[PDB]
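Peer 1: pasting the first chains of the complex, positions unchanged:
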Amino acid sequence: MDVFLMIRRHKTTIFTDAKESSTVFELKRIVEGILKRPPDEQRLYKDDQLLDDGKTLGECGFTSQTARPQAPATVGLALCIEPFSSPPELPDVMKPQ
């Protein structure tokens, strides 16, 4: 089974996938292809770590378990991510909370 992964940037997110044996640069190229976005002062960061310009395999912290279909492994893409809208829902009486 491949690995479900989700990347962020501002108000646009990507679902994507790869192998454990892949490098970071492959992810950079998938992103640059899907978004047609050349690296004008933008790279790939893990939970906000530069990863320099990529082309590495030793620092893959996206092990398979953390990149599941039920749950993504998150990539941290001047950075600013707009989060979602937090659930405007309450216990609603029927759920004594």
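Peer 2: Looks like it came in fine. Numbering: from 1, shown residues only, chains lettered A, B, ... in the order given.

Peer 1: Excluding sequence neighbours, find me the nearest residue to residue A:74.
Peer 2: Across the structure, with Cβ to Cβ, 6 or more residues apart in numbering as the measure, the residue nearest residue A:74 apart from its sequence neighbours is residue A:6 (6.1 Å). All C-beta spots, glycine's among them, are computed from the backbone N, C-alpha and C.

Peer 1: And for the one you found, the neighbour number?
Peer 2: Residue crowding around residue A:6 was assessed by other Cβ atoms under 10 Å; the count is 14.

Peer 1: go on, residue A:76?
Peer 2: A total of 16 residues lie near residue A:76 under the criterion other Cβ under 10 Å.

Peer 1: do residue A:97 as well
Peer 2: Based on other Cβ under 10 Å, the number of other residues close to residue A:97 is 7.

Peer 1: so what's the backbone phi/psi at the closest residue to it other than its chain neighbours?
Peer 2: Beyond its immediate neighbours in the sequence, the residue positioned closest to residue A:97 (Cβ to Cβ, 6+ apart) is residue A:91, lying 3.6 Å away. According to degrees, to the nearest 10, the main-chain angles of residue A:91 amount to phi -50, psi -40.

Peer 1: Now do residue A:91 against residue A:17, distance only.
Peer 2: From residue A:91 over to residue A:17 the distance is 37 Å, taken as Cβ to Cβ, to the nearest Å.

Peer 1: neighbour count winner among the two?
Peer 2: More neighbours sit around residue A:17 than around the other of residue A:91 and residue A:17, counting by other Cβ under 10 Å; the figures are 14 against 8.

Peer 1: Surely that one and residue A:5 touch.
Peer 2: Yes: because the distance of 6.1 Å satisfies Cβ atoms under 8 Å, residue A:17 is recorded as touching residue A:5.

Peer 1: got a list of contacts for the helix or strand hosting the residue nearest to residue A:74?
Peer 2: Taking DSSP states H and E as the definition, residue A:6 sits inside strand A:5-9. Residues lying outside strand A:5-9 but in contact with it, judged by Cβ atoms under 8 Å, 6 or more residues apart in numbering, are A:13-18, A:27, A:31, A:62, A:67, A:72-77, A:81.

Peer 1: please redo it, this time with the cut-off set to 10 Å
Peer 2: Here strand A:5-9 makes contact (Cβ atoms under 10 Å, 6 or more residues apart in numbering) with A:13-18, A:27, A:30-31, A:34-35, A:37, A:42, A:44, A:62, A:66-68, A:71-77, A:79-83.

Peer 1: now stretch A:24-39
Peer 2: Residues from elsewhere that reach stretch A:24-39, judged by Cβ under 10 Å, 6+ apart: A:5, A:7, A:9, A:12, A:14-19, A:22-23, A:42-44, A:46, A:51-57, A:59-60, A:62, A:75, A:77.

Peer 1: Another chain to add, chain B:
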Amino acid sequence: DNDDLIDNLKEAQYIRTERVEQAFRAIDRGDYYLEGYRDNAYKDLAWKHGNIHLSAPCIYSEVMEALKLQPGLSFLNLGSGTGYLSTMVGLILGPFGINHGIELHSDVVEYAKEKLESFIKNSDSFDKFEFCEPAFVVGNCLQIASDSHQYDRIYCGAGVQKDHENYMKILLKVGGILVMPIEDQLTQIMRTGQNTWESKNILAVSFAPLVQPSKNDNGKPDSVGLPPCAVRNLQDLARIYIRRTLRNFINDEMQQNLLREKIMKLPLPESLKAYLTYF
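Peer 2: This next block brings in chain B, placed alongside the chains you saw above:
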């Protein structure tokens, strides 16, 4: 009555455990037995009539004991019959089980669907469990499609012929359990490796030997094939989580669900279906 015989079986340690205890009480004997009599399911006797060969009494007690039925595993019933035991196992396994059965006579299958609809629409225990509804196919016990995936728990609903023994061993997933009255002798089998198996006896039982296929020049042999495994859709999943939440609250408070499910801020068709499963 059902509780009388359930207590007797616990007395003879034919039930013993709590999970099997709950399953047995949930389902009333005679419900699944023919319309004319509705008396003798409560007795250890022969329940062979017409094409029906069920064994709710201590026979099925022993079988349920031999099979562990922890939640989340997969159970395959060869010779399902009227679906009595498929129903009981469904009570235990939980939503994310895989519950399939195979049978030779189509009229009995229509009967089994009638009985399931009866149970869902009239029983009291349904909304006390995360039931697993069994699915059925028609075919012979020896002609399962050749590419099946595998199954963790395998049961033979009738006498098993020695010269097909291994034909079933190949079906069992690495580590599973198989229960069968081979030569009318009840036994457990465990796949301890890729090409190794081990076995133990249980009890000397009485069963009718199965009927072997005789079709030729056709795609019957090892072709039947169990229902496809599919990943269900979101309404069923969400329904289950909501029912979990409410039952948990009610357990805390005990230290009726229908009333709670009706005050939820939902469209009326959603009230009926998404929770009530239409009563």
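
Peer 1: Please re-evaluate the contacts of strand A:5-9 in the presence of chain B.
Peer 2: Outside of strand A:5-9, the residues within contact range by Cβ atoms under 10 Å, 6 or more residues apart in numbering or on different chains are A:13-18, A:27, A:30-31, A:34-35, A:37, A:42, A:44, A:62, A:66-68, A:71-77, A:79-83.

Peer 1: So which bits of that strand are buried?
Peer 2: Along strand A:5-9, these residues count as buried under the neighbour rule (16 or more other Cβ atoms under 10 Å in any protein chain shown): A:5, A:7, A:8, A:9.

Peer 1: Just give me the closest of the residues you listed to residue B:86.
Peer 2: Sorting the buried residues of strand A:5-9 by distance to residue B:86 puts residue A:5 at the head of the list, at 40.0 Å, by Cβ to Cβ.

Peer 1: got a list of what the residue nearest to residue B:172 when sequence neighbours are not counted touches?
Peer 2: Take residue B:172 and drop its neighbours on the chain: the residue closest to it by Cβ to Cβ, 6 or more residues apart in numbering or on different chains is residue B:191, 4.6 Å away. For residue B:191, the residues meeting the contact criterion (Cβ under 10 Å, 6+ apart) are B:150, B:152, B:154, B:169-178, B:197-198.

Peer 1: With residue A:12 instead?
Peer 2: Contacts for residue A:12 were tallied using Cβ under 10 Å, 6+ apart; they are A:35, A:81, A:82.

Peer 1: Please tell me how far the last one sits from chain B.
Peer 2: From residue A:82 across to chain B, the span is 26 Å (Cβ to the nearest Cβ, to the nearest Å).

Peer 1: ok, now which ones touch that residue?
Peer 2: Applying Cβ under 10 Å, 6+ apart, the residues contacting residue A:82 are A:8, A:9, A:10, A:11, A:12, A:13.

Peer 1: Residue B:235 belongs to a helix?
Peer 2: Yes: with DSSP: H, G, I helix; E, B strand; the rest coil as the criterion, residue B:235 is located in a helix.

Peer 1: What separation do you get for the nearest residue to it once chain neighbours are set aside and residue B:267?
Peer 2: Nearest residue to residue B:235, sequence neighbours excluded (Cβ to Cβ, 6+ apart): residue B:274, at 6.2 Å. In this structure, residue B:274 and residue B:267 are 9 Å apart, going by Cβ to Cβ.

Peer 1: And the strands in chain B, which stretches?
Peer 2: Taking DSSP state E, the strands of chain B run over residues B:48-49, B:52-53, B:74-78, B:98-103, B:135-138, B:151-156, B:172-182, B:185-191, B:197-204.

Peer 1: Arrange those strands in a markdown table, one row each, with distance to residue B:259 as further columns.
Peer 2: Conversion of the strands of chain B to a markdown table gives the following (distance: least, Cβ to Cβ, whole Å):
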| stretch | distance to residue B:259 |
| --- | --- |
| strand B:48-49 | 42 |
| strand B:52-53 | 39 |
| strand B:74-78 | 34 |
| strand B:98-103 | 30 |
| strand B:135-138 | 32 |
| strand B:151-156 | 37 |
| strand B:172-182 | 41 |
| strand B:185-191 | 45 |
| strand B:197-204 | 45 |
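
Peer 1: Chain C should go on the structure too:
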Amino acid sequence: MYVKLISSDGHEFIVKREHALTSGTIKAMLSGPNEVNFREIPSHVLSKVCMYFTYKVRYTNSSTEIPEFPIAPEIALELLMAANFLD
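Peer 2: Putting chain C onto the chains we already have gives this:
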């Protein structure tokens, strides 16, 4: 070959068509006069919807085992109501 899904928060998700086209309504859209602005679907619900789709597309070939799919009670009602609108 990528159909974007945009919620009513101005929010965006990327999903390819073979993954996306596993519901009747999404076929119906684009089967008649990509992008898909779901007016009555907030952002946070849509994220979980996409994950369910990709999970099913992956587990269609399931062998015998079944994993569990966590849904939190804070958004469960709204997933129930936004679920039948797509299938």
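
Peer 1: once more on the nearest residue to residue B:235, with chain C this time?
Peer 2: Among residues not flanking residue B:235 along the chain, residue C:83 sits closest, at 5.4 Å (Cβ to Cβ, 6+ apart).

Peer 1: what's near enough to touch that neighbour?
Peer 2: By Cβ under 10 Å, 6+ apart, residue C:83 lies in contact with B:233, B:234, B:235, B:236, B:237, B:238, B:239, B:274, C:23, C:45, C:49, C:52.

Peer 1: now for the helix or strand containing the last one, which elements pack on it?
Peer 2: When secondary structure is defined using DSSP H and E, the element that contains residue C:52 is helix C:43-59. For helix C:43-59, the packing partners by 3 or more Cβ pairs under 10 Å, 6 or more residues apart in numbering or on different chains; DSSP states H and E come out as strand A:5-9, strand A:12-16, helix B:234-254, strand C:2-6, strand C:12-16, helix C:17-20, helix C:76-83.

Peer 1: Let me know the angle separating it from strand A:5-9.
Peer 2: For helix C:43-59 against strand A:5-9, the angle by axes from the mean of the first three to the mean of the last three Cα atoms, to 10 degrees is 150 degrees.

Peer 1: Now for the residue lying farthest from the centre of chain C: which residues touch it?
Peer 2: Relative to the average C-alpha location in chain C, and by Cα atoms, centre = their mean, no residue lies farther out than residue C:64, which sits at 24.8 Å. Listed by Cβ under 10 Å, 6+ apart, the contact set of residue C:64 reads B:73, B:74, B:76, B:98, B:148, B:149, B:150, B:151, B:152, B:173, B:176, B:229.

Peer 1: Close to chain C: what parts of chain A are there?
Peer 2: When proximity is defined by Cβ under 10 Å from any Cβ of the partner chain, chain A lies next to chain C at A:1-2, A:4, A:6-7, A:9-17, A:31, A:34-35, A:68-72, A:82-92, A:94-95, A:97.

Peer 1: now the residues you listed: which count as buried?
Peer 2: Burial by neighbour count, 16+ other Cβ under 10 Å: within the residues of chain A next to chain C this picks out A:4, A:6-7, A:9, A:12-17, A:31, A:68-69, A:72, A:84, A:87, A:94-95.

Peer 1: Make sure residue B:50 is actually in contact with residue B:107.
Peer 2: Yes: at 9.0 Å, residue B:50 and residue B:107 qualify as touching, with contact defined as Cβ atoms under 10 Å.

Peer 1: Who are the contact partners of the spatially closest residue to residue A:2 that is not a sequence neighbour?
Peer 2: The spatially closest residue to residue A:2, leaving aside those adjacent along the chain, is residue A:17, at 4.6 Å (Cβ to Cβ, 6+ apart). Residue A:17 sits next to A:1, A:2, A:3, A:4, A:5, A:27, A:30, A:67, A:69, C:54, C:58 when contact means Cβ under 10 Å, 6+ apart.
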